[PDB]
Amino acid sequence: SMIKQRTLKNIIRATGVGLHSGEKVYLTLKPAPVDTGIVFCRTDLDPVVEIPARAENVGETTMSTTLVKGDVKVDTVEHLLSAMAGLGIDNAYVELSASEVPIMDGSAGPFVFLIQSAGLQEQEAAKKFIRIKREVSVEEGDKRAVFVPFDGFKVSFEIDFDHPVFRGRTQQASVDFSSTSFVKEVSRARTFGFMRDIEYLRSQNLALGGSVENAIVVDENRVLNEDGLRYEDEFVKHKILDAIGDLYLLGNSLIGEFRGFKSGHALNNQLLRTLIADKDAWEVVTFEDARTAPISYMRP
């Protein structure tokens, strides 16, 4: 059988708060037709504003990835999109009653569980992949983000925090999803912030919804969360989760390899824009036989 596009098999509902705005928000995920892509919808507005989750609609990348259309924004899309990418969802409507996606527990875990509880639905159209044909690299300062050709999907990231909790730890990780499960090894990795910054962030209307229930809080010499970490390398694994979500703004699953060095949402988006512009470096492919494809997906 061909690798088919996927949507949701049932409507999903969740309530939460935006990490940065602190606003209560109702999230509804709905099935969508073939070739829709992932589309965010601000249903608190009338008429609604619908914003496709595509690189061309990224309008801001400070702290989190933000989609913009007209005067309207949808903040912090990366963790939800990481779950969508991790589960291979092509088409979905994402309804929000406020401007920011709920942070949940700070990871993609709750979204992944809500989606897999609803189930996925294959659709009668070939799933389209973007295959990297040539290396594409962007840099700014000491930050770097690269796409290289690779027969599969692989993401590597390196952080370099000048901080006592990070020095001497695993600050580089590589995940090849032919041998590593997105669900078990990436999806549960939570976002993190530094205690030293919280008052300043709040003074800028940032991290207003943050709590130890949705973020790892790193103090000057210790992790504050009394219940501990989920992974010894949870920090760099969360950066990989972020990269997977930002990369899904291409609108299709990737066949290739990503390597990031201190690359945040801004440089991730610049990599996507450079790749899209360099049309010699990529192609759209489909698979008439899932058995011969370089990527495989779980049953729906």
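All residue numbers are counted from 1 along the displayed sequence.
Note on 93 to 101 vs 118 to 126: mean CA B-factor is higher in 118 to 126. Relative to its counterpart among 173 to 181 and 107 to 115, 173 to 181 has the higher mean temperature factor, C-alpha atoms as listed in the PDB entry. Taking the deposited Cα B-factors for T62, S253, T274, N268, the highest one is held by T62. Note on the listed residues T191, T76, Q204, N225: the highest Cα temperature factor in the record is that of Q204. In the PDB entry, a CA B factor belonging to the middle third of its chain's modelled residues is recorded for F166. For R6, the recorded CA B-factor ranks within the lowest third of the chain. Only modelled residues enter the ranking. In the PDB entry, a CA B factor belonging to the middle third of its chain's modelled residues is recorded for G88. The entry lists a Cα temperature factor for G141 that places it in the highest third of the chain's modelled residues. When the CA B factors of the chain's modelled residues are split into thirds, the value for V217 lands in the lowest one.
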